[PDB]
Amino acid sequence: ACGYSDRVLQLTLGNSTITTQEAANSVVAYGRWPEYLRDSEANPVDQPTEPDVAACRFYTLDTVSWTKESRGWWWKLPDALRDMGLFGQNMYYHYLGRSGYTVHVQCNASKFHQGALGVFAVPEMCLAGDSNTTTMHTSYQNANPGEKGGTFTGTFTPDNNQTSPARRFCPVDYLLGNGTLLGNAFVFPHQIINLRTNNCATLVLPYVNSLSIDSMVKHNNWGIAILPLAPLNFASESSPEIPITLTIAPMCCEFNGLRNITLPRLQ
Amino acid sequence: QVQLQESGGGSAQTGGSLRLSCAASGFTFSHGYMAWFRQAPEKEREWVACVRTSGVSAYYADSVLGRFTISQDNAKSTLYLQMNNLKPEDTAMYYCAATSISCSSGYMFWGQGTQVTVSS
Amino acid sequence: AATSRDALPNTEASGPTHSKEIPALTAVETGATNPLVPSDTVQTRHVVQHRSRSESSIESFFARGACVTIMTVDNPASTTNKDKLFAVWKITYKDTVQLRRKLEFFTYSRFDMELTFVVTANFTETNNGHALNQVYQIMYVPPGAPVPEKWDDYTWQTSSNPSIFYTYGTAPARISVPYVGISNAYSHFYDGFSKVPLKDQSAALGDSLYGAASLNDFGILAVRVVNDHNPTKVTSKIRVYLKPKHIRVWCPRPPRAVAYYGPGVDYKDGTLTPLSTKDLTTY
Amino acid sequence: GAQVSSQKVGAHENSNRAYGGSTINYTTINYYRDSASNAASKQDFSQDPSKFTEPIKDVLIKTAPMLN
Amino acid sequence: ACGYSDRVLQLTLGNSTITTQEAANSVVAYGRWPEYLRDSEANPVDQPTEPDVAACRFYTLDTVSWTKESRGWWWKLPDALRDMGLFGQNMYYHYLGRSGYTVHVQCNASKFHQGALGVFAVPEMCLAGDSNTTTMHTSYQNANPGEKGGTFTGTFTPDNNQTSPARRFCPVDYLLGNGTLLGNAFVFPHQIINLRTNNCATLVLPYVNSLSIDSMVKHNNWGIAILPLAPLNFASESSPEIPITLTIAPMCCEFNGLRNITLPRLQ
Amino acid sequence: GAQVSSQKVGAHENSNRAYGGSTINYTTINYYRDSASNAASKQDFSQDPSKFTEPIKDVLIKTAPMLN
């Protein structure tokens, strides 16, 4: 009648607005919408700081590229947004913090392009090491690659330099980077951007953890993994390229225990 | 009738120097600034340099740094723009924008301007 | 409900005292002024108070017109070398001393503004020539509007500007201007700068004045003799008198002690001595 | 729509059958549409200076010790 | 009865608590308590950020010293708190900002010490220049001396170097640094710490300006000037010294127009 | 046959016993027979700009897709 569609979506958070004309509806992770801490589940005694508009807005992470060679890409939340306006500021200023997200992945092309990208949301997305000698050895500096994030690899290559280890994640694509067959990755809330159909993936994520509120600096709640289910193909070309852009918006964020700022050793 | 009238010409060879002057009248309420602006042959009008009211505290544009000198003589109610090392990028029109200012942008009085040409 | 012309509180008759109450003792550390009246410290009779504060009301304190500026223009002979003098004055109360200091008794104000124009002319050159009664246009050029460059250029058409053609000899000219401020109060003192000097920018690009808001705050007035060139030179002086009406003010500030220097708060040396010599034990 | 206001009589003329006595009033009628144009009323309020005299949080009682 | 006194004061803001046993009551500037912007006086259309506990807490500025030689000291608000936790962070992140304060000045001594310090609060505390050639010439870098603040001088000494001006404030003490006799400084909300009596000065200040909300980066609302009304004296000593500590707490702070962070050229 | 109209008060004088408060009015009486001679009232209406903004035949609903 009036023309309301599932493909046409307009999301708004604070002073930012995301639109789209080729969506595939939207995903509310585990059906729960992100929310503020209820007195019933409260834990720290102090008055929590809720930045709201100050932090609850979409932040665009630098754009990555997609080619036939691409194995995959990954990020961590809140990690990924560690240096995004006030959200980061507030994050670094408090001992505790809980936040939900509205993850929107953008990757458009032509009706002449073909492929599929599975944007997966994994709470506690633990990734595997690169050493056949030392388990759980990835260093913090490699565990949290910020807004630039990381990638998946097509082959597991052990780290042999035991004089100075590389201490990073070697997340095998087919193993979803955690010793399990990718095909089962659908148990996690997800959407698959299939070029011929849509152009974006929106995954609203509530705060999920073992605790009501937790140290954000130390621990990542969610994980955003994007791997090409179908490889990129365009025309009769040998080198096609299309970009992927991630915009994430923290929601219902609250922080407790205000203190001096933490300057982490990221490098 | 704050009459701003430029002088100084503009027809030097590449590398020389010219003295761009500006006669001021009316009521220039000293406090604020007094400056110079260029429009260029085919570009946007750009700020050259600004000198303080009576104070010889000034600044210069990145492009002109040290190669242009802007002073004043409030006894003679004039401002001067000595320009050494003229070049093919300096070829342009120059304007004595000396009124109000407070900074390096606001104005209520300009001049008619004069053209400069650094040929070679 | 207590108006300006109200009789002041009466003096109550109070007698001798010997009690544990202490009007006399206080502590000016609290910042607070001890609020006493004669009766509190000495024996008094009953007094029906007659005096009122009537005249001291904010409105009344500014109820006078005040000379803000003296604009000079002239009408010379056609053959002359110099151009016909037409003045342009930046509208501000800070060109003169009197009114300014009065306005400086507070931090902010709002007032519908009344301007009066007293014109006065005379000849200059020794000659017995004649000039027919002269007219004068007072054109208000708001910020950004085209400022006249000539005495006879297009600008005097005033299709949108508010002007006043004064004929010499008639009663002084007067116009009303409301509170035209861009803020919610006029600012007498502005502790700040118009620009912010950024780090990714050159010092010059981020520099501005201290105490200034907008260089052009209210605009300029332009006054010119309307009548054309006359063989005998006639100079004219237009005196502007401002009376701030419907005035409100906020936060009192100590009155200026030393002579003004520039539009700012700054003080010149050689004027830093206001109080004279007086011996401590000499009445 | 005239505005009739009363005057605070100062020097009383030897009358109470025209002047001096029976309350003296004055008429005022605005001539323009703009509020700015009006004549200054002068019928203004006064107020408590305590907002300047006693800028303290706890009430000042003159009869007692200031610091208790 | 229960022992409640004017000298004993316990103020609390967020996660900070100020106590005192020798106060002289407290001053609410112009009787108005600091407050949030009411829809009646609102101006910017966006949802304002109210940091509350995040910014509404006492921040201690480095301690200055008091000796018989001292002429005076001064600061600017919000300037002074430009680098104080989240308040500063938020300050730098927004185009507009309005805030009130709870200024508490601390300076104790012995019953054997003597002197008086007048802590004055001046809204729009404009100070005078140092040049007899250039009016209103103090540069931003000298106008905003942050938490370290500035001082008053006993004599006006013009700046003669017209090759490169010093462009600072030369605020003559007796002229309250603005061409007016100090003795009239009492028209501003104030308290005078007189050693024999008290030990602190508390001046709660509401937001005062010509606009409902204004650019904090560009403009300072209040001014905190402290000048010794009575010089410091202790015993029969030639060099006495006692410290003064300022702790200010922003109140009812709100910020609008969220954008990228401003990195001002302070030096 | 006077015309009494109200004014939109801007700068409020410290009064509510003459000015500032109790609605300020102004009187007007025409002096000529010709309509042309009258003073410009200024009490004019405003209107919907849609006759220019939305010159469309089928109503514009901002919340839905323009072309359906």
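Letters are used for the chains, namely A, B, C, D, E and F, taken in the order the chains are written, and counting of residues starts over at 1 for each.
By our rule, contacts are C-beta pairs under 8 Å (C-beta built on N, C-alpha and C of every residue); 3 or more make two chains touch, one makes a residue touch a chain.
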Neighbouring chains shared between chain C and chain E, ordered by label: B, D
Pair of chains joined by more contacts [C-beta pairs], C-D or B-E: C-D
Maximum centroid distance from chain D, chain identifier (CA atoms): A
Chain whose averaged C-alpha position falls nearest the assembly-wide average: E
CA centroid of chain D to CA centroid of chain E, Å: 38
Intercentroid distance (Cα basis), chain D paired with chain A, Å: 69
Chain A and chain C: spacing of chain centres that average the CA atoms, whole Å: 62
Centre-to-centre distance between chain F and chain A (centres being mean Cα positions), rounded to whole Å: 55
Junction residues of chain C, two or more chains touched: 3, 27, 29-32, 57-59, 112, 178-179, 194-195, 203, 207-209, 212, 245-246, 252, 262-264
Residue list for chain F, restricted to those that touch at least two other chains: 10-11, 13-14, 17, 19
Touching two or more other chains - residue numbers and ranges from chain B: 30-31
Contacting chain pairs - touch in the sense defined above: A-E, A-F, B-C, B-E, C-D, C-E, C-F, D-E, D-F
List of chain E residues in touch with chain A within their complex: 14-15, 46-49, 51-54, 57, 85-86, 89-90, 93, 258, 260-261
Sites on chain E touched by chain D in the complex: 5-7, 24-31, 187, 189, 197, 204
Complex contacts: residues of chain B adjacent to chain C: 1-2, 26-27, 29-32, 47, 50, 59-62, 100-104, 106, 108-109
Of chain A, residues touching chain F in the complex: 2-5, 8
Residue numbers on chain C that touch chain B, as the complex places them: 83, 85-90, 147, 151, 194-195, 202-205, 207-209, 212, 214-216, 220, 262-264
